[PDB]
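Undergrad: Let me begin by handing over the structure; questions about it come next.
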Amino acid sequence: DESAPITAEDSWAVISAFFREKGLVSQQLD
Amino acid sequence: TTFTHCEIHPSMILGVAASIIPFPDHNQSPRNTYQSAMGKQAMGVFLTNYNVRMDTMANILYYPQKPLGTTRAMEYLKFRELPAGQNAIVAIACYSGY
Amino acid sequence: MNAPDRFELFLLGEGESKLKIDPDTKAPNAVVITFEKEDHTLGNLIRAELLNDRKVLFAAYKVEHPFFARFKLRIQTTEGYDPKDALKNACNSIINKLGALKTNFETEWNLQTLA
Amino acid sequence: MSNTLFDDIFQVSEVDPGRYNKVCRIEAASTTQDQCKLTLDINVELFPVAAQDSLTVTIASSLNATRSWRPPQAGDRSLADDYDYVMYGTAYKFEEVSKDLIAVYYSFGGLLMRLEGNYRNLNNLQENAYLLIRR
Amino acid sequence: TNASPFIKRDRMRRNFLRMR
Amino acid sequence: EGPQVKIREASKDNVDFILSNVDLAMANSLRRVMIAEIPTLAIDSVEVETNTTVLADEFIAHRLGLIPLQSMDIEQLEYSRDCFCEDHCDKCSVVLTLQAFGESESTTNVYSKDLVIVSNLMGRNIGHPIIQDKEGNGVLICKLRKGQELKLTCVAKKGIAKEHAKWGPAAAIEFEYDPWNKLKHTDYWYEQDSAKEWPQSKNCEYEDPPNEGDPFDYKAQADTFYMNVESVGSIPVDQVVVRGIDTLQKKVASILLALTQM
Amino acid sequence: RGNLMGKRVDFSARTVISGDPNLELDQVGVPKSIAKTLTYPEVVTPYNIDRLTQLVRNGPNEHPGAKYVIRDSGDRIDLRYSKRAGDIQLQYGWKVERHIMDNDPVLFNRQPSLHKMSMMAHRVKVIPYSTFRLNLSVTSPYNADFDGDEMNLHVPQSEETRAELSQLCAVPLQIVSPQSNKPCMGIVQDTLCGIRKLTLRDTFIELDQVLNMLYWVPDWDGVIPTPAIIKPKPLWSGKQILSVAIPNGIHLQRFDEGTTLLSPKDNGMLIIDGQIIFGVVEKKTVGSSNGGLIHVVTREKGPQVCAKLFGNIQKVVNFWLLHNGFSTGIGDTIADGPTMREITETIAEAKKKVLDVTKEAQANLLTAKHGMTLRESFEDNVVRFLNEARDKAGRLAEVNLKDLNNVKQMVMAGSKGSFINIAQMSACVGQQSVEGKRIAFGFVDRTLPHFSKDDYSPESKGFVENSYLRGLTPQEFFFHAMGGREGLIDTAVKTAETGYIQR
Amino acid sequence: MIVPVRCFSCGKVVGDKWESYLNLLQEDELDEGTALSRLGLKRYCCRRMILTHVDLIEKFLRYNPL
Amino acid sequence: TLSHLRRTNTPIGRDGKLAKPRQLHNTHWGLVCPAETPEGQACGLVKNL
Amino acid sequence: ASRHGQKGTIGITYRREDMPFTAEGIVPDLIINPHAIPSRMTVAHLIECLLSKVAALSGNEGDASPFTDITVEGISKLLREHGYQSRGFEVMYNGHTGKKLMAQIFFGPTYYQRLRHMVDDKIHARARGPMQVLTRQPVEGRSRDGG
Ligand SMILES: [Zn+2]
Ligand SMILES: [Zn+2]
């Protein structure tokens, strides 16, 4: 399946994508 | 049983130095307060260009090691790549003098 | 800086011997000896083996402070018998025992020798 | 000149652990002096004890102010030193109960006892003493 | 129970390489 | 004869053995002199002719100071403090030269075998760098690429372990006695059981279990030791054992002769 | 203010301290660079002539060193250049400047001073490895841990001043604080724990130790005490050996709640003729107290022998604690599982009674207790219930906890921690709060946006369920931070206000 | 940075097995635990040294000064 | 440094009250660290995202 | 300081000939007072040390993970089957003579770090130096040798 729910371990990848997009200094930069 | 939202992870209510606190539930809060105050005064490395990047104050140790303990976040804080201190072997003993 | 210098770990000080004896007045035939430039290495061993012999009476040794590589030692014995000769006898016993240890270890390791 | 000043056979009732690991507590009665009562602290391990054990006690005024102690000097010592439990301490307090039974509490360093008996009410002891217990 | 004291990542990458 | 000794297992680099019919103070003093007064040779003073790397110079110095060397004939030479000369005669010290060059496009390494003997060795087997791997490399120093030059003049004098760990040969120790608590010098922490909350010693089998119910043996005394010594390899392990014995005995003889002088 | 009632000074020192167990109270450890830097004038008499002449020949570097000389008139000849160095005859009626040789009187300061303390005088034993050094005793009246605080030092110049510092501001006549009508000195945490270890009946000791301590005490009479127990081996009690260090003719009685002269529970304390007889040394007898041992010996025997008394018992307990060794760990903290589930069901039944009371409130029938309001009575009931839950849990945990538990040994030994600390760290926390009311309805209708609306459950307001060891939930983490931050802000305002009113 | 010399804990010669510890990863696809096993430091006191060293000298040297 | 980029600072005045925002509030969730506060006369003034 | 606020300074330094040491001779790097623990209530330091030891024996790195399910029980069983004590206590020896030690010691690897306020910027002493022209008093500043 691909349509399964999401275990608590999984969200670190979401964090990875979010930081690779935004970066830490995103506030000042934006 | 009427949710509409869940957080990505409860660990991400923290801040920058707050990430570095290992097992930050497992102490008392004012200790976290002194830790966040203290971590700004740590040496180690700050950048990598320091052979050229002149400045007045600069503190570089010799052998920096990533800590044996860590949380998942300071991977994203790049702290694994550039650490603050190094590990050692500590002992807890009233060894009679000092 | 003009602290006392770093040759106080092992080197002898000029104009001063490796030891100075001193007579107490607290008990009959009781003396104390000042040692310096060494440590528990000789200290514990000399105290234990001088304790083992039983013609002598009482001993103990201590360091004043770890910042100085010196220590003291307190000896009394019964009359006629003397502390200095007692401890020199103790030292001969030490050197004899360990010399036996050395030669026996050498023979043991040679008879070990692989192939 | 060094003599026993009180000596009898005493029978322990039982023994209390006292939540420790090297000492315990004993209480005992005389066979002869039914007025007399004995309790005593003891290093429990180094001489084991049990219920229904007859024991003997001894005053031992001295062994024939003492100087610095001599290492035991293995030659023959014709003293009161040929039982097992030899034990030295200090007296501190005298007690009068029932107008007849005198009572004194000696010490041993960090050990205590309670002792009774009204016949020897001057012959009993005074500021410090020894102790001898056999088998 | 397994209780997950530690975890693996590129093995699961390769598992999805065979899954896809 | 007294202190009987028995071997267990030997190698090039670590020796474990049995010491019996001895005393606790004797063993402790053996350990102390073993880690403290075994004289050897190591690099101490460094002369930087020209540095170019991305590292600091005294950094390179302290990096150098821990390279061990061949240490057989170390008795032959003399301490600079007692030597009548000045500035490192051939009797009292040795000379080291290091050369590297930024030649390749890729990064370059420097191994500790690249340093060379310089001055008069006078035939005493002294001061070669130890190699341990299969590939003849003394352990790493610094990395360079295409543009950087190091010219190193280095002088190595005697030194001892007690004032600085540079001259320590030991760098490990092991120590055991009464593996089975028979002397009962200390109890164990426990929360519900002394036994199951602890593991057995590896030294368990050479002494019997404590018979489970006999009274406490009071007049016993310490013996039956278990020494495993693993040297660095700058000097052979049998040599460090016998030489520690030698320096202990010479020290005690010195204090005896000073006494009889007094 | 900055120029008349306070100003800058001369002859000053400022470093950071470390402890030491081998230096008695009237000394202080002074680093030798500072000894070179400072000075002190003397005079030239027939008495001091040779030692002063030698120390002048010693030059301005070697540690007993001189820097300046003063002849009859306004004469300042400096010894650094001084090409006529080995030539001055140093006539009478003159003044020389020298370094600090040892046991000079010296006045001590630490910011910020509050009372008659912080102002001790000291003698000096000069120490290398540059820093200060002082006795572990005097630490709490100095009101300074070793967290990096710095000290302030001054040196008198003339003999009147030196004498009056020596006779008034030295430690041994400052043992009892005038302000608190009880002595405020004290043996402290580590040696306190060690002496509680030593005083126990069940332990003993051997020759090799007891001879070494008997040499360790500086004023030992050259007489060994007798064996306490003889049969296979001489042995001694820790009480027996400590009785050597206690000086003679001192008497105390404690007699609290056991103490029927044959103490089964082994409390109490009684000393005849300077020798221990029985009891357990503990801070509530041997530390700072109204009927203190220190109070007794100072008031009776004479207030400087007590200095050597601290020196004696401090050195002895230190050296015995060396070969003894002592520590703690997690195995102190974790406890028995059945007791854990008893804690669990205790909290559970507390929650159940809370739920019952809330239901009674929610069906409108209540007492509406007199004085306060309906909701206030509800708050009182739930607060009282949860606090009874917390300390009943703590009582159960403490009574289950074992007798070889080292942190229990620490706390009933005295120095640090408490029953409240152990229970707090091991079983539960209790509801964090600000100003008595529990965590207010910040957002509308509820506490935090993560529960459903309109609740007063212990989870809702955030009574803390778990202990430390098992972890927390984020909500409890957040409330804990709330209470701590409240503590910090009130401290950081009250310090300025109390400083103003004190001045 | 540079893997250091002579472990604080034990003190034996460390870093001989360093690039070896590298090449027991890439061309062997070898798990680190058994890698440290066959590497052969039976204590842990040295095992931690290589377990937590982080290279910096590569990022250092991939500048091009002079 | 990565701490010091994300700083915030309010003005208040000299003394101020205490229920006023010197101390933390429940509204702060998910936005500002409930631990990383500076200490000394400005605790609860500076705060970190 | 620690990672939990245990600031201070260094008392002295010995060497290995009298530092405390164990069966495998793992001499320690630094030693502190247990009295920090039951007053500052810092359990996190201890759990960090225990997880650090099991990480060192495993070869795997550790985990902190503020709101998760890793417990002392799992840590204990893992490090137990790695062949040591179930909690972190240890047989230990005398530095001087090497007799047995009565108690046992929790002891192992931990992460520390270094501060900035070093001693050489704070050592400062003065006698009869420069004068300020407004007030004829000793001037300020460690830089210009103040008071
Ligand atoms: Zn020469
Ligand atoms: Zn190692």
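Counting neighbours? That spans all protein chains shown, and the Cβs are built from the backbone with ideal geometry, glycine included. Bear in mind these aren't lab numbers, they're just calculated from the coordinates by the rules spelled out.
Undergrad: Taking a spot 7 Å from the Cα of J:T13 along the direction of its beta carbon, which residues of segment G:116-146 have an amide N less than 18 Å from it?
TA: Residues passing the 18 Å test: G:128-132.
Undergrad: A follow-up question, please. Can you list, bin by bin at 5 Å, the percent of alpha carbon pairs in segment G:368-469, starting at 0?
TA: P(r) for segment G:368-469, in whole percents per bin: 2, 11, 18, 18, 16, 12, 10, 7, 5, 2, 0.
Undergrad: Taking all pairs of distinct Cα atoms, average 1/r, flip it, and tell me the Kirkwood hydrodynamic radius of chain I in Å to one decimal place. Numbers along the way, then the final one.
TA: Details: mean 1/r = 0.0859 Å⁻¹.
Across chain I, the inverse of the average 1/r is 11.6 Å.
Undergrad: List the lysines whose Cα lies under 27 Å from the Cα of D:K99, skipping any in the same chain that are fewer than 8 positions away.
TA: D:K37
Undergrad: Right, next: Determine the alpha carbon to alpha carbon distance for each of D:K22/G:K283; C:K20/G:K315; G:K265/G:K402; F:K157/F:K250; F:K196/G:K408 and list only those over 18 Å. Walk me through the numbers on the way to the answer.
TA: Numbers: D:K22/G:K283 25 Å; C:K20/G:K315 25 Å; G:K265/G:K402 16 Å; F:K157/F:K250 22 Å; F:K196/G:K408 23 Å.
The pairs that break the limit, which is 18 Å between Cα atoms, are D:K22/G:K283; C:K20/G:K315; F:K157/F:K250; F:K196/G:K408.
Undergrad: What's the center-to-center distance, using Cα atoms, between segment F:33-69 and segment F:85-102 in Å?
TA: 12 Å
Undergrad: Dipole of chain H (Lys/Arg Cβ +1, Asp/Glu Cβ -1, origin at the Cα centre): which of H:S9, H:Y21, H:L66 lies farthest to the positive side?
TA: H:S9
Undergrad: Any idea how far the Cα center of segment I:1-44 sits from the one of segment D:50-92, in Å?
TA: If you average the Cα positions of each part, the centres end up 75 Å apart.
Undergrad: Sticking to Cα atoms, compute the Rg of segment J:99-147 to one decimal and its Dmax as the biggest Cα-Cα distance, whole number, in Å.
TA: So, for segment J:99-147, Rg and Dmax equal 22.8, 68 Å respectively.
Undergrad: Given a Förster radius of 45 Å and the C-beta distance between F:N211 and F:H128 as r, what FRET efficiency does 1/(1 + (r/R0)^6) yield to the nearest 0.05?
TA: E(calc), rounded to 0.05, equals 0.25.
Undergrad: To continue, here is another question. When you have a sec, figure out the Kirkwood radius of segment F:14-125 from all distinct Cα pair distances and drop it here in Å to one decimal?
TA: Radius from the Kirkwood sum: 17.9 Å.
Undergrad: Counting only C-alpha contacts under 8 Å and six or more residues apart, can you give the relative contact order of chain H as a whole percent?
TA: Relative contact order of chain H: 42 percent.
Undergrad: How big is segment G:133-264 by the Kirkwood estimate over distinct Cα pairs, in Å?
TA: 19.2 Å
Undergrad: How large is ³J(HN,Hα) for each residue in segment G:215-230, as worked out from phi by the Karplus curve 6.51 cos²θ - 1.76 cosθ + 1.60 (θ = phi - 60°), to whole Hz, x for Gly and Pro?
TA: Result, ordered by residue: 6, 6, 6, x, 9, 6, 5, x, 10, 7, x, 5, x, 6, 9, 10 Hz.
Undergrad: P(r) tail for chain G, what percent of Cα pairs lie past 37 Å?
TA: Of all Cα-Cα distances in chain G, 52 percent exceed 37 Å.
Undergrad: Let me ask something else about it. Counting only other chains, and only Cβ atoms inside 10 Å, what mean value do you get across the residues of D:102-110?
TA: Other-chain Cβ atoms within 10 Å of each residue's Cβ, averaged: 6.
Undergrad: Okay, next question. In the neighborhood of G:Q424, defined by Cβ-to-Cβ distances under 12 Å, what is the net charge if each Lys or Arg adds +1 and each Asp or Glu adds -1?
TA: -1
Undergrad: On a C-alpha basis, how far is the centre of segment J:29-68 from the centre of segment D:22-37 in Å? Whole number, if you could?
TA: One Cα centre to the other: 54 Å.
Undergrad: Along the charge dipole of the protein assembly as shown, pointing to its positive end and built from +1/-1 on Cβ of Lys, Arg, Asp and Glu, which listed residue (F:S106, G:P31, J:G88) has its Cα farthest out?
TA: Selected residue: G:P31.
Undergrad: Where does each of G:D26, G:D219 land when they are ranked from fewest to most other beta-carbon atoms within 10 angstrom?
TA: With the fewest neighbours first, G:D26, G:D219 line up as G:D219, G:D26.
Undergrad: Percent of Cα-Cα pairs more than 23 Å apart in chain C, please.
TA: Roughly 44 percent, once rounded to a whole number.
Undergrad: Sticking with this one: So, in nm, how far is label G:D147 from label G:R395 when the simple model puts each one 7 Å beyond its Cα toward the Cβ?
TA: The two pseudo-label positions are separated by 3.5 nm.
Undergrad: Which semi-axis lengths, in whole Å and largest first, follow from the square roots of five times the eigenvalues of the Cα gyration tensor of chain F?
TA: 45, 26, 15
Undergrad: Quick one: give the max-minus-min coordinate of the C-alpha atoms of the protein assembly as shown along each principal axis, largest first, in Å.
TA: Extents along the principal axes, in whole Å: 104, 104, 91.
Undergrad: Rounded if a/c is under 1.5, else prolate if a/b beats b/c, else oblate: with a ≥ b ≥ c from the C-alpha gyration tensor eigenvalues square-rooted, which is chain H? Show your work: numbers first, answer last.
TA: Values: a/c = 2.81, a/b = 1.38, b/c = 2.04.
Oblate.
Undergrad: Among D:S78, G:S415, rank each residue by its count of other Cβ atoms within 10 Å, from fewest to most, as a rough exposure measure.
TA: Result, fewest neighbours first: D:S78, G:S415.
Undergrad: Mind listing the long-range amide H neighbours of G:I277? Cut-off is under 5 Å, sequence gap 5 or more, other chains count too, H placed in the peptide plane at 1.01 Å from N.
TA: Excluding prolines and chain starts, which carry no amide H, the hits are G:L270, G:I272.
Undergrad: Considering all projection directions equally, how large on average is the shadow of the alpha-carbon convex hull of chain J, in square nanometres?
TA: The Cα convex hull of chain J, projected and averaged over all directions, gives 14.6 nm².
Undergrad: For chain B, compute Rh as the Kirkwood radius over C-alpha pairs and then the Stokes-Einstein diffusion coefficient at 10 °C and 1.306 mPa s; write the answer in µm²/s, rounded to an integer.
TA: 96 µm²/s
Undergrad: Can you tell me which of J:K77, J:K53, J:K100 moves the most in a GNM of chain J? Springs connect C-alpha atoms under 10 Å apart.
TA: Comparing J:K77, J:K53, J:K100 in the GNM, the peak value goes to J:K100.
Undergrad: So, one more: How large is log10 of I(q)/I(0) for segment G:98-181 at q = 0.17, 0.19 Å⁻¹ when the intensity is taken from the Debye formula with one equal scatterer per alpha-carbon?
TA: For the requested q values the scattering log ratios are -0.76, -0.95.
Undergrad: Further question: Compute the whole-percent fraction of alpha carbon pairs in chain D spaced more than 21 Å apart. Can you show the working numbers first?
TA: Details: 3938 of 9045 pairs.
Distances greater than 21 Å cover 44 percent of the Cα pairs.
Undergrad: What percent does the relative contact order of chain C come to when contacts are Cα pairs within less than 8 Å and at least six residues apart?
TA: Values: 134 pairs, mean separation 25.2, N = 115.
RCO, chain C: 22 percent.
Undergrad: Which order, highest average first, do G:50-63, F:184-197, G:396-409 follow once you tally other Cβ atoms within 10 Å for each residue and take the mean per peptide?
TA: In descending order of packing, they fall as G:396-409, G:50-63, F:184-197.
Undergrad: With an 8 Å Cα cut-off and a minimum separation of 6 or more residues, compute the relative contact order for chain J in percent.
TA: About 24 percent, as a whole number.
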